[PDB]
Every structure is written in C-alpha cells, then in structure tokens.
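Structure first, commentary second.
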Amino acid sequence: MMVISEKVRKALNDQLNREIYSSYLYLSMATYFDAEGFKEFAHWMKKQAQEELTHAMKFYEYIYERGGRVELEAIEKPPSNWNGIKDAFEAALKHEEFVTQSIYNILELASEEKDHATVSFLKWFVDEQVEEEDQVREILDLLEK
Amino acid sequence: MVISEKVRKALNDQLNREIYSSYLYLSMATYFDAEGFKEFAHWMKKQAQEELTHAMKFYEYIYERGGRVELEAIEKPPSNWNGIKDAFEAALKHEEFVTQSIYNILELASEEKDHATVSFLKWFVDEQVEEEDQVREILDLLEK
Ligand SMILES: [Co+2]
Ligand SMILES: [Co+2]
Ligand SMILES: [Co+2]
Ligand SMILES: [Co+2]
Ligand SMILES: [Co+2]
Ligand SMILES: [Co+2]
Ligand SMILES: [Co+2]
Ligand SMILES: [Co+2]
Ligand SMILES: [Co+2]
Ligand SMILES: [Co+2]
Ligand SMILES: [Co+2]
C-alpha cells in the first residue's frame, strides 16, 4: 500500500522524530526563560514548541497518506540551561540550521528517486525553515543592541 | 481545467489579495523608513517579499490545475499611520481579512470535494494562524 520507498519513509520518519525533539528542545528553553523570569521569551518558546508538533504531525499524516507507517523513537533529554539569553537563542538558530540541513538531505534523496509527491511536500518546509532561521537571526540581531 | 470556475475565481481572487498584501507591507516599510524605524522597515520588506511568494504559490497551483491567472489593478495602499502601534494594528486587521478569505476558499473547496485544493490551502490556514499571532505578539509587546 506504500507509494514511497523504504529509504524515503525512513528519512521522513527520522525527520518526524527530529520535529518532536525540536518541540521538546523549545519547551526546555521555555523552562529556562520562565525560571529566569523572562516570561515573554518563554511564551515564544512554548508557541514554537506547539508549532514544531504541527510540523511533526504534518510528516505523520504525509507518511500515512503515502501508505507508510510511523515509528516513534526515544527523545533525548534536552539541555535545561544556557549561559544567558543570547546563548539560548544561538542554540535555537543552531538547531534550526540543523533541521534545515536534514530537510535538504531528504529533498535531494527524494529527487534522485524521482519522488515528485515527496519533493513537493518538502518544498513547503524549506520555505518555513528559511523563515524560521531568519526569525532567530532577527532576534539575535536586536539583542546585540 | 481540473478545478471548477468557482474555485478558480476564488483562487485568482486570493492571488490578487496576496499581491495587494505585499504592496501594503511595502507601503508600511516606506512609513517605518521615513520615521527612522529601520528594523521595523526591514520586517515589512521581508513580509512584502513573503506575501509575493504566497502570490506565486497560488499562481503555480492555478496553472497546475489547468486554470488561468488574471492580474487586477492594485489599489493605492495607505502611506502613513499614526505611530508604530497603528501601523501594526492595520497589519493585524489586514491579516485577519486574508485569513477569513482563505477559510472561505477552504469551505468552498471542501463542499466541491476538491481534495487537491483543500490540501493546498491547509498550508495557508496554518501560515495565516502564525502570521496573525506574530503581529498580535508585536502589539502585546508594544503595550509596555
Ligand atoms: Co506573552
Ligand atoms: Co520544524
Ligand atoms: Co523549527
Ligand atoms: Co511560517
Ligand atoms: Co514557524
Ligand atoms: Co535581517
Ligand atoms: Co533587520
Ligand atoms: Co499571504
Ligand atoms: Co500575510
Ligand atoms: Co510568514
Ligand atoms: Co502571545
């Protein structure tokens, strides 16, 4: 019933678990901000946390509409503390660039397999990822002022 | 054409709404730049660019479904607002109109069992919810 390859289902499945860890990382950034009493930065991390679950569930439902199956993996414990405000956001940017590269790797994999549906599915996330990296760069830019 | 004329017209209308939103955000950049709010202006210019990418998504989807795009005249946007908060409230009010308009196309596309168009729009429903919350977040931070 699967109209994607195993290599593609696997890579999509891996990304879903990365989106889940992303939500968890952002949640853990919330705990740091909130403990430092930066309640607005924390509110942004909790919103980002809920959005990354939106990302993960988008991968979920794509995997299944293409006849695949999802296996959830263990979620590593995220850091719960950073050396200041700028450093936590630098970590967010670092993580978002990591997510971007991983999505790029799936896109090239899907193109070499002539998988049009998965290429087209992924282009939506490339744009969101460009937006999400620029968001952090803007925050970092404004903090060094 | 594998979309109905009703959906095509709805999608072409939204394309022109994205085109206008881009021009609105550019106009807001002219205001922020005039007033020295250079960083705000950069946000507007990036948003103007993004709204154009929204326009070209609808463009390509229409042609991919066998429809045609027709570009309408672009209204002159406001040039000036009464301060930063006023500029961002207008943005928020404009985003809410864009959100409603997309839902109306989603409603119509569902009723016609146009599955491809439902699936296309659900990306925009989610982007719209984020874009609304971004400017709402700005406004809350301005009350400060
Ligand atoms: Co808040
Ligand atoms: Co994500
Ligand atoms: Co992200
Ligand atoms: Co977005
Ligand atoms: Co986002
Ligand atoms: Co910038
Ligand atoms: Co800037
Ligand atoms: Co738009
Ligand atoms: Co918009
Ligand atoms: Co956006
Ligand atoms: Co808020």
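Order determines the names: the first chain of the structure tokens is A, the second B, and so forth; residues in each chain are numbered 1 upward, and ligands are numbered 1 upward as they are shown.
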Task: Who sits within 8 Å of residue 45 of chain A, only C-alpha atoms, same chain under 4 positions skipped, as JSON, numbers by chain - done: {"A": [26, 27, 29, 30, 41, 49]}
Quick one: which chain A residues come within 9 Å of chain B, and what is the nearest atom pair for each with the distance in Å to one decimal, counting only C-alpha atoms, rows ordered by chain and ascending number, as CSV?
residue,atom,partner,partner_atom,distance
A:40,CA,B:141,CA,8.5
A:44,CA,B:137,CA,8.9
A:51,CA,B:130,CA,8.8
A:54,CA,B:126,CA,8.9
A:124,CA,B:123,CA,8.0
A:128,CA,B:127,CA,8.9
A:138,CA,B:43,CA,8.9
A:142,CA,B:39,CA,8.6
Open item on the list: Please return, as a PyMOL selection string, all residues of chain B that DSSP assigns to helix (DSSP H, G or I) on the basis of the backbone.
Closed with: chain B and resi 5-34+38-64+84-111+115-142
Report as a tab-separated table: every residue of chain A with an atom at most 12 Å from ligand 7, its closest pair of atoms, and their distance in Å to one decimal, counting only C-alpha atoms and all ligand atoms, with rows sorted by chain and ascending residue number.
residue	atom	partner	partner_atom_place_in_ligand_line	distance
A:134	CA	ligand 7	1 (Co)	9.4
A:135	CA	ligand 7	1 (Co)	9.9
A:136	CA	ligand 7	1 (Co)	11.1
A:137	CA	ligand 7	1 (Co)	8.7
A:138	CA	ligand 7	1 (Co)	6.0
A:139	CA	ligand 7	1 (Co)	9.2
A:140	CA	ligand 7	1 (Co)	10.2
A:141	CA	ligand 7	1 (Co)	7.3
A:142	CA	ligand 7	1 (Co)	8.1
A:143	CA	ligand 7	1 (Co)	11.7
A:145	CA	ligand 7	1 (Co)	12.0
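Once residue 35 of chain B and its same-chain neighbours fewer than 4 positions away are set aside, residues 29, 30, 31, 41, 80, 83 and 84 of chain B remain within 10 Å of it when counting only C-alpha atoms.
Atom pair atom CA of residue 23 of chain A / atom CA of residue 88 of chain B has a distance of 28.4 Å (rounded to one decimal).
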